[PDB]
Amino acid sequence: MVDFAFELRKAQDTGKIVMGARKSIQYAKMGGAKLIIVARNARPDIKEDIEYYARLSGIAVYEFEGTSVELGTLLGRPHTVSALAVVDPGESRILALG
């Protein structure tokens, strides 16, 4: 089974990810992400924008079952992260979550 925490870190380290609602929304809008991940407690209008732009392009959206605090911590950051976009999965299996 896909280990979310392991594969997400592996994507971050071997691939290319962009972090935050602004950049996630932008990459969804441009059709440049392969997966968008949103924290459970991402602001409603942010989730709804991400879901919309992703739906326009056929990009998978995955809802992480933890808070923006936990998601930030998983990504090595001492701050919240509400959303991220996987641009290049690297050597990871992260896109299987779609």
Side-chain angles (χ1 to χ4, degrees):
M1 165 197 151
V2 169
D3 179 332
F4 178 83
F6 177 61
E7 299 298 340
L8 173 61
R9 201 173 170 180
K10 183 166 182 188
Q12 182 180 28
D13 285 324
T14 66
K16 195 207 155 52
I17 295 192
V18 295
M19 278 188 226
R22 182 182 61 87
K23 290 175 88 180
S24 298
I25 290 176
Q26 183 113 102
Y27 274 73
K29 200 183 277 181
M30 89 175 52
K34 295 201 178 67
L35 177 73
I36 315 302
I37 292 161
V38 297
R40 204 201 319 110
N41 71 315
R43 218 167 63 192
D45 61 281
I46 298 325
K47 285 184 179 184
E48 293 186 50
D49 280 353
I50 286 168
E51 287 171 16
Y52 168 71
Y53 294 118
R55 187 170 167 190
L56 286 185
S57 298
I59 294 163
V61 176
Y62 174 84
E63 184 179 31
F64 169 59
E65 57 203 86
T67 68
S68 59
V69 175
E70 295 175 75
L71 185 51
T73 297
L74 263 16
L75 292 160
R77 298 300 184 79
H79 309 271
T80 55
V81 173
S82 276
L84 65 97
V86 177
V87 184
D88 167 15
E91 301 163 31
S92 84
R93 290 189 335 159
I94 197 69
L95 298 187
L97 299 181

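Residues take their numbers from the sequence shown, with the count starting at 1.
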Which heavy atom of [X] sits nearest a heavy atom of [Y], and at what distance?
X: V61; Y: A54; value: CG2-CB, 3.3 Å
X: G32; Y: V87; value: O-CG1, 3.5 Å
X: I36; Y: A85; value: CD1-CB, 3.5 Å
X: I50; Y: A83; value: CD1-CB, 3.6 Å
X: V81; Y: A39; value: O-CB, 4.0 Å
X: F4; Y: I94; value: O-CD1, 4.1 Å

For residues [X] and [Y]: do they belong to one hydrophobic cluster (side chain heavy atoms under 4.5 Å, members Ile, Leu, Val, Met, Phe, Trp, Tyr)?
X: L97; Y: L8; value: yes
X: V18; Y: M30; value: yes
X: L71; Y: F6; value: no
X: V38; Y: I46; value: yes

Rounded to the nearest 0.5 Å, what's the gap from [atom1] on [X] to [atom2] on [Y]? Could you check?
X: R55; Y: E51; atom1: CZ; atom2: CD; result: 9.5 Å
X: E48; Y: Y53; atom1: CD; atom2: OH; result: 12.5 Å
X: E7; Y: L95; atom1: CD; atom2: CG; result: 10.0 Å

Q) Where the side chain of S57 meets the backbone of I59, is there a donor-acceptor pair that is under 3.5 Å apart? A) no
Q) So which pairs with a foot in residues 66-81 pass side-chain hydrogen bond (donor to acceptor under 3.5 Å, both in side chains), sequence neighbours left out? A) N41-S68
(Q) If the condition is salt bridge (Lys or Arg N to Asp or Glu O under 4.0 Å), which residues does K47 pass it with, not counting sequence neighbours? (A) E63
Q.
If the test is side chain to side chain contact (heavy atoms under 4.5 Å, CB included), which one of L74, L75, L84 qualifies with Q12?
A. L75
